[PDB]
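Read through the structure below, which is laid out as structure tokens, and then see the notes.
Protein chains: 2
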Amino acid sequence: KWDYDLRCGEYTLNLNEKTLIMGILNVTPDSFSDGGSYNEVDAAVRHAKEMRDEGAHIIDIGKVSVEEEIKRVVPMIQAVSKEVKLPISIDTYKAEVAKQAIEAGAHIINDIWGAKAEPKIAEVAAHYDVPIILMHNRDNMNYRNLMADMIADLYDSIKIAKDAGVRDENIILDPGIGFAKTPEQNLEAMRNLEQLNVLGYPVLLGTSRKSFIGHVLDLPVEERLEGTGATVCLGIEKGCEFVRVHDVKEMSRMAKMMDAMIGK
Amino acid sequence: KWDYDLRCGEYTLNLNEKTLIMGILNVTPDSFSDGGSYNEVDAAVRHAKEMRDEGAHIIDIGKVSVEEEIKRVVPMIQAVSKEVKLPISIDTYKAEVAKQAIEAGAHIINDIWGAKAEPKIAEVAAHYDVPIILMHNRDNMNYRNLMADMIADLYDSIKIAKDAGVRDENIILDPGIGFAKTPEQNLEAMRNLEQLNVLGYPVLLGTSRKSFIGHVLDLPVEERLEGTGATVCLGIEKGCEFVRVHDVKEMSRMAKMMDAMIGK
Ligand SMILES: Nc1nc2c(c(=O)[nH]1)N=C(CCNc1ccc(C(=O)O)cc1)CN2
Ligand SMILES: Nc1nc2c(c(=O)[nH]1)N=C(CCNc1ccc(C(=O)O)cc1)CN2
Numbered sequence: 002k003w004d005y006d007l008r009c010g011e012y013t014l015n016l017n018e019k020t021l022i023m024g025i026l027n028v029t030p031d032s033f034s035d036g037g038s039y040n041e042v043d044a045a046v047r048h049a050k051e052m053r054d055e056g057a058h059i060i061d062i063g073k074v075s076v077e078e079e080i081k082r083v084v085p086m087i088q089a090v091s092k093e094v095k096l097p098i099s100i101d102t103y104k105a106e107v108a109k110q111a112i113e114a115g116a117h118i119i120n121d122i123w124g125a126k127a128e129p130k131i132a133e134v135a136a137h138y139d140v141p142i143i144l145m146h147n148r149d150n151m152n153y154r155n156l157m158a159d160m161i162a163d164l165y166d167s168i169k170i171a172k173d174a175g176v177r178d179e180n181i182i183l184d185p186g187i188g189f190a191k192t193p194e195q196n197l198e199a200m201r202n203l204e205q206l207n208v209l210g211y212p213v214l215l216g217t218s219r220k221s222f223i224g225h226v227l228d229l230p231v232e233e234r235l236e237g238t239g240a241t242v243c244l245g246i247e248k249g250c251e252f253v254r255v256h257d258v259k260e261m262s263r264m265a266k267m268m269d270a271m272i273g274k
Numbered sequence: 002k003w004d005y006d007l008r009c010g011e012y013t014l015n016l017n018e019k020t021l022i023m024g025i026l027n028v029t030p031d032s033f034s035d036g037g038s039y040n041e042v043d044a045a046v047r048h049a050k051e052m053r054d055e056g057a058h059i060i061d062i063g073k074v075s076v077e078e079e080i081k082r083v084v085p086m087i088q089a090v091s092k093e094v095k096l097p098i099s100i101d102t103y104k105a106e107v108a109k110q111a112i113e114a115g116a117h118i119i120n121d122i123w124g125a126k127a128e129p130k131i132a133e134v135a136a137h138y139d140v141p142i143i144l145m146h147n148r149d150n151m152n153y154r155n156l157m158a159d160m161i162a163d164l165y166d167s168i169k170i171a172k173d174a175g176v177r178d179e180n181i182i183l184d185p186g187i188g189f190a191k192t193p194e195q196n197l198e199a200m201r202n203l204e205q206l207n208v209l210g211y212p213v214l215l216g217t218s219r220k221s222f223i224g225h226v227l228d229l230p231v232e233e234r235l236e237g238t239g240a241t242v243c244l245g246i247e248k249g250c251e252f253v254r255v256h257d258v259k260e261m262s263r264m265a266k267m268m269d270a271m272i273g274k
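Protein chains in written order, with PDB author numbering: chain A, 2 to 63, 73 to 274; chain A', 2 to 63, 73 to 274. A prime marks a further copy of an entry chain.
Here you go:
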């Protein structure tokens, strides 16, 4: 179906073969420090290595100053990238930040403002020639038509991407769950993911432990595994490529089961 | 969508409102007895009551002699029916058995040979006027066309049903996972559940902990929760009505999440 791979440095991800799990590195902050404390990182490396072991195929590393985020995250990318043999994605909207990460050893860029926040980002994706993820997100929540608007808004991201010079191969789409959407907006979007596909790019769907699960099911964050299940399952028969989850053990076994049913 | 309810004795189930969970009562046998030992039953009642508490809306009670099955199960139906305020379904292919159960207080009849095993069953459904579940199942596994054959075979069940005099309202369909199917047959059937719907009757899908999950994922029975997840999720967006599971807590939260996504 996809005839192209996610060439990304020393690694490459194959879209046809299986659903590709992105593991959320939870960036618990050693407050007494801004930078690479031993606990801070070890703890992070401990937790990636784990996820390596859980079936996860990429690691995600999430008003605050740039400088910090750079001292925060540049010594962290650098341990894991050097310790864990998998591609590593940065979770920033900042271009000054984007650079440093990829400079550290970061692989795929994950943006929650989809080149809108700081256009300069896209240029940097161009430059180090690396996949970027664009997310739907906005600063009000007035939609004539949820989807039609999403798909619009997504499109004015791709514009900047493609204008700055990102190859189509290096572009990924994220519907951006829990951003700028009431929890009924979130549902509808889940109901109608599949129209993200007309647009001809991989979709990554991020729903682990999200507050709409708790709106429906009425159960809080540490009891949201099952919710996350369904969103990932429906997520997938609707043809999405990556899912970005916390619970790697459990979702990884849900991916593979759907992957065998829909015959992926 | 359905304009009719599952009138079933003192109870009634509404098909539009939510996915309807059937809970597997696991009939651990006090071997030193054939009949209603105190442990035997208490243990059963302990476990239904639990499932009452887990979100489950019907209780399922599964070469061996009739007489036994009757002494086995007639004092058990009778506790739970009298202790747990929900509809209760019998898991037999025998008509002599069918009677006794419903006589005890049983509600909905679950058959794994779909009126084929002992046609007389269907007559009894007629007679006590109660829903019956028909399952696809056979005694070889040669199919020209999986589906087309399933759907055929299902149809020659409905024939007996409808001939003996079962109203269409009281008929339910089960694709019969892990019966007469290689684990690739099972997958394909899951892939193409939705064609069970042309036939115009509720579908109940039974996959909890089934061996095809373990063929795919390669994990045995007590590690099969996630598998069961996906089968139930995909199960449902494909428009099935009941799922018959062991893990009521967990699947019940997967039902409700899909139920909110597909807008059911
Ligand atoms: N590409 C991508 N990046 C992300 C995402 C996401 O879904 N996709 N979510 C993230 C979670 C942070 N924001 C939220 C956290 C929770 C919720 C909610 O519970 O609804 C909504 C938003 C962070 N970064
Ligand atoms: N209506 C209905 N009745 C049932 C079912 C079922 O799926 N639907 N399964 C049952 C499980 C018993 N048989 C099997 C048990 C395990 C497996 C397997 O692991 O593949 C296959 C079959 C018993 N009764």
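Each residue gets a CB set at the ideal place from its N, CA and C atoms; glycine is no exception.
Own chain, CB closer than 6 Å to residue i, minus 5 neighbours either side, in chain order
i        : result
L203(A') : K248
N40(A')  : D31
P193(A') : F222, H225
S167(A)  : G124, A125, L144
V46(A')  : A89, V90, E93
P129(A)  : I170
Bounding residues of the beta strand (DSSP E) (the contiguous stretch that carries residue i)
i        : result
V255(A') : 252-255
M145(A)  : 142-145
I62(A')  : 59-62
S99(A)   : 98-100
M23(A)   : 21-26
Residue i - DSSP class collapsed to helix/strand/coil
i        : result
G186(A)  : coil
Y165(A)  : helix
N120(A') : strand
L215(A)  : strand
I272(A') : coil
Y103(A') : coil
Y12(A)   : strand
Reference residue i, options the options, closest by Cα
i             : options                                : result
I62(A)        : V46(A), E233(A), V28(A), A44(A)        : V28(A)
residue 1(A') : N152(A'), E233(A'), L26(A'), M52(A')   : In the structure displayed, chain A' extends from 2 to 274; residue 1(A') sits before or after that span and is not available.
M145(A)       : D166(A), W123(A), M264(A), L235(A)     : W123(A)
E11(A')       : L96(A'), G188(A'), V76(A')             : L96(A')
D269(A)       : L21(A), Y5(A), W3(A)                   : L21(A)
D35(A)        : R53(A), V46(A), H58(A), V74(A)         : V74(A)
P212(A)       : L164(A), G188(A), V90(A)               : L164(A)
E55(A')       : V255(A'), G273(A'), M271(A')           : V255(A')
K259(A)       : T238(A), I246(A), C250(A), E93(A)      : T238(A)
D257(A)       : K19(A), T13(A), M23(A)                 : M23(A)
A125(A)       : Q110(A), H117(A), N147(A)              : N147(A)
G37(A)        : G210(A), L183(A), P129(A), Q88(A)      : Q88(A)
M264(A)       : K274(A'), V253(A'), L244(A'), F252(A') : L244(A')
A114(A')      : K92(A'), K19(A'), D149(A'), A127(A')   : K92(A')
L16(A)        : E233(A), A116(A), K172(A), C250(A)     : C250(A)
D149(A)       : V176(A), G188(A), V242(A)              : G188(A)
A127(A')      : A116(A'), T102(A'), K2(A'), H117(A')   : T102(A')
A132(A')      : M157(A'), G175(A'), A116(A'), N155(A') : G175(A')
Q205(A')      : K109(A'), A57(A'), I182(A'), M157(A')  : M157(A')
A136(A')      : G273(A'), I181(A'), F252(A')           : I181(A')
Contacting residues, own chain, Cβ-Cβ under 8 Å from residue i (five flanking each side not counted)
i        : result
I112(A') : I100, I119, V134, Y138, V140
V107(A)  : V76, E79, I80, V83, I100
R8(A')   : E179
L197(A') : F222, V226
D6(A')   : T13, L14, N15, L16
Chain-order list of residues whose beta-carbon lies under 7 Å from that of residue i (same chain, five-residue window excluded)
i       : result
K191(A) : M151, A199
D159(A) : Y153
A49(A') : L26, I60, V90, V94
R53(A') : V94, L96
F33(A)  : none
Start-to-end residues for the alpha helix (DSSP H) that takes in residue i
i        : result
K130(A') : 130-138
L235(A') : 235-247
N150(A)  : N150(A) -> no alpha helix (DSSP H), and no H or E assigned at all.
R177(A)  : Looking at the DSSP string, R177(A) is not in any alpha helix (DSSP H), and its letter there is neither H nor E.
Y39(A')  : 39-53
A89(A)   : 76-93
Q195(A') : 195-201
Please list the residues of the stretch 246-257 of chain A' that have a C-beta atom closer than 8 Å to any C-beta atom in chain A, keeping them in chain order. Under the 8 Å Cβ criterion, the stretch 246-257 of chain A' contributes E247.
Which residues, in chain order, does the stretch 180-191 of chain A contribute to contact with chain A' at a C-beta distance below 7 Å? none
Below 9 Å between beta carbons is the criterion; list the residues of the stretch 200-217 of chain A' that meet it against any residue of chain A, in chain order. Hits within the stretch, in order: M200, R201.
Pull out every residue of the stretch 104-129 of chain A' whose Cβ sits closer than 8 Å to any Cβ of chain A, in chain order. none
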